[PDB]
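Notes follow the structure.
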Amino acid sequence: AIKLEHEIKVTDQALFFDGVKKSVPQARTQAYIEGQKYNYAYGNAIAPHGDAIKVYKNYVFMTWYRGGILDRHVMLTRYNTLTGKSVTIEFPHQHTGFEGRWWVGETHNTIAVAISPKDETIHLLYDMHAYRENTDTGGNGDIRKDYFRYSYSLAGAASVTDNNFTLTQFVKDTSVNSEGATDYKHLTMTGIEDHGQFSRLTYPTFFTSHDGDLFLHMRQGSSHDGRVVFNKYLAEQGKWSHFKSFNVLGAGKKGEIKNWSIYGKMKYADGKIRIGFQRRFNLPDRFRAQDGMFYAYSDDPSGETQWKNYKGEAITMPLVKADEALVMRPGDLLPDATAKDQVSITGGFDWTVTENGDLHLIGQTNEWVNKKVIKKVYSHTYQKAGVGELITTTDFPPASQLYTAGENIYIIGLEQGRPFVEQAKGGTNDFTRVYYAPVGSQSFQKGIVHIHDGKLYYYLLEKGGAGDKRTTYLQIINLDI
Ligand SMILES: [Ca+2]
Ligand SMILES: [Ca+2]
Ligand SMILES: [Ca+2]
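Sequential numbering from 50 applies to the sequence shown in my numbering.
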């Protein structure tokens, strides 16, 4: 059976935004008040959040911001699964909040972490929400040479002894734009400063191939005109390739009816670089936000060429018209919801492909009437073994992410604060609960998952804390593959 193997405390000082929600004009406008609680613009929990946990050999790497409101330092912790010991590096960068207003917490601004399986370099990307050289921080720091924030290490740093796991392992900024002796933030990944390439980026998320290649993807642009870009770590050269567009910017002048923005994630799944996403058109129509459900995969191990849709048909690369990668229309789940903004798709999208080729996508599609959600529909679209008709069903529980290991797909979450695991054979919608932490165990408020070598690494926020410093834990659960 699935069993909990290890439960480890990461910190009692994880940053939490213990204030109230602010609107974007408030967050942009209001001055600091000394003694205020830590208000926020989007979510209230920046840790664990984002691409913040990775496993490499016997090490679990976890990122987080340290509390409280006056600290906010970027932190990197390494847990050694062989010794049970942890070591943590404190970086000089502090969370800059909403457009430099560091007293308003900004959950888009996550700390992503990856290890190159080839040269054991550690890569960090943090605190970014589409910034650019003329971003107006309202007097809170100069961002002209700090709009893209990248930190990286010496080769072999991933596996040094705990005593040597320090900032000494990381490479300072020594370019003409360097800020000084404690500047660890680089403005580019290629060694070439390039505002056009590295401005307006959000959502750093790394993925790794079977042969040990490391990739990154981000979203570039705005909610009205946005693309996914991705690059590859060049281990032989100690740098990254040029960003490559999965989809164009300015599609309205290149063959689409209008500009659009992309809402999804690239992953490495069943041996291929792939992407799943929904589209925001910003048309005056029945869609309050996103529309459609899309998927494509590359038969190129570098993911640069040979892109295809679910049917195996080649797609235009870079993509201009999203409909080429169509899988289904979530609008069809609410077919009488035709009034302006009556179909509200604002999240809950995910997708996976199992090691047997089974394709799975989930979505949440809400009916929006007089400024309120009046109906929530969860969908599960799947195709067994990559062939045959797509099945879309709404007989799917309220889950927001899908995971895979061996032949199965999994739903993983918190129920009454306790981790559970539901599992289904790939290519089916037949789920059964196979793990639930017992009564008397701890309660958690939030969690992020990382699946590695048949085990579930659950990076969790403990429930019930107070103030702007909370406790996080790492759980290691054997999926019994
Ligand atoms: Ca710098
Ligand atoms: Ca719309
Ligand atoms: Ca649709």
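Note that CB positions come from ideal geometry on N, CA and C, so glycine has one too.
Residue i classed as buried or exposed, judged by whether at least 16 other C-beta atoms fall within 10 angstroms
{"i": "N107", "result": "exposed"}
{"i": "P74", "result": "exposed"}
{"i": "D195", "result": "buried"}
{"i": "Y81", "result": "exposed"}
{"i": "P447", "result": "exposed"}
{"i": "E148", "result": "buried"}
{"i": "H273", "result": "exposed"}
{"i": "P166", "result": "buried"}
{"i": "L131", "result": "exposed"}
{"i": "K360", "result": "exposed"}
{"i": "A50", "result": "exposed"}
{"i": "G270", "result": "buried"}
Alpha helix (DSSP H) segment containing residue i, residue limits
{"i": "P74", "result": "73-78"}
{"i": "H244", "result": "244-247"}
Proximity of residue i and residue j at Cβ, strictly below 8 Å
{"i": "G412", "j": "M315", "result": "no"}
{"i": "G435", "j": "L408", "result": "yes"}
{"i": "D67", "j": "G516", "result": "yes"}
{"i": "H144", "j": "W152", "result": "no"}
{"i": "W356", "j": "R329", "result": "no"}
{"i": "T387", "j": "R337", "result": "no"}
{"i": "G154", "j": "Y89", "result": "yes"}
{"i": "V109", "j": "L523", "result": "yes"}
{"i": "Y201", "j": "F219", "result": "yes"}
{"i": "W400", "j": "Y344", "result": "yes"}
{"i": "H429", "j": "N358", "result": "no"}
Distance between beta carbons of residue j and residue i, contact taken as under 8 Å
{"i": "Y452", "j": "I525", "result": "At roughly 15 Å, the Cβ-Cβ gap does not stay under 8 Å, so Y452 and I525 are not in contact."}
{"i": "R276", "j": "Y252", "result": "Contact doesn't hold; Cβ gap of about 12 Å is too wide."}
{"i": "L263", "j": "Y233", "result": "About 19 Å; that fails the 8 Å criterion."}
{"i": "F197", "j": "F247", "result": "4 Å"}
{"i": "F65", "j": "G514", "result": "7 Å"}
{"i": "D319", "j": "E404", "result": "6 Å"}
Opening and closing residue of the beta strand (DSSP E) in which residue i lies
{"i": "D340", "result": "339-347"}
{"i": "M377", "result": "375-377"}
{"i": "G270", "result": "263-270"}
{"i": "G462", "result": "457-464"}
{"i": "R482", "result": "481-485"}
{"i": "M177", "result": "Taken as a continuous stretch (DSSP letters only), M177 belongs to no beta strand (DSSP E), as it is neither H nor E."}
{"i": "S310", "result": "310-318"}
{"i": "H144", "result": "That residue, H144, is in no beta strand (DSSP E); it is neither H nor E in DSSP."}
{"i": "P253", "result": "250-257"}
{"i": "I440", "result": "440-442"}
{"i": "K134", "result": "First-last for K134: undefined, no H or E at that position."}
{"i": "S200", "result": "199-201"}
{"i": "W152", "result": "Neither: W152 is in no beta strand (DSSP E) and is coded neither H nor E."}
{"i": "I394", "result": "Per DSSP, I394 belongs to no beta strand (DSSP E) and is neither H nor E."}
{"i": "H122", "result": "122-129"}
{"i": "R276", "result": "275-283"}
{"i": "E416", "result": "408-417"}
{"i": "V498", "result": "493-501"}
Contact with chain C by residue i, beta-carbon distance below 8 Å
{"i": "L216", "result": "Considering every chain present, this structure includes no chain C. It has just one protein chain."}
Looking at C-beta atoms only, is the number of pairs between the segment 126-142 and the segment 248-264 that lie closer than 8 Å three or more?
no
Counting beta carbon pairs with one atom in the segment 166-176 and one in the segment 205-213, are three or more of them shorter than 8 Å?
yes
Does the segment 317-326 come close enough to the segment 377-391 that 3 or more CB-CB pairs lie under 8 Å?
no
With three or more C-beta pairs closer than 8 Å as the rule, is the segment 359-372 touching the segment 278-297?
With contact defined as three or more Cβ pairs closer than 8 Å, the segment 278-297 and the segment 359-372 are in contact.
How about the segment 92-101 and the segment 109-121: do they share at least three Cβ pairs that are nearer than 8 Å?
yes
For the structure I just gave you, are there three or more beta carbon pairs, one from the segment 479-493 and one from the segment 458-470, closer than 8 Å?
yes
Should the segment 422-434 be called in touch with the segment 487-497, which here means at least 3 C-beta pairs below 8 Å?
no
Does the contact criterion of 3 or more C-beta pairs under 8 Å hold for the segment 126-136 versus the segment 221-234?
no
When you get a sec, list the residues whose CB is within less than 5 Å of any heavy atom of ligand 4, chain order please.
In terms of ligand content, the structure shown lacks ligand 4 and carries ligand 1, ligand 2 and ligand 3 instead.
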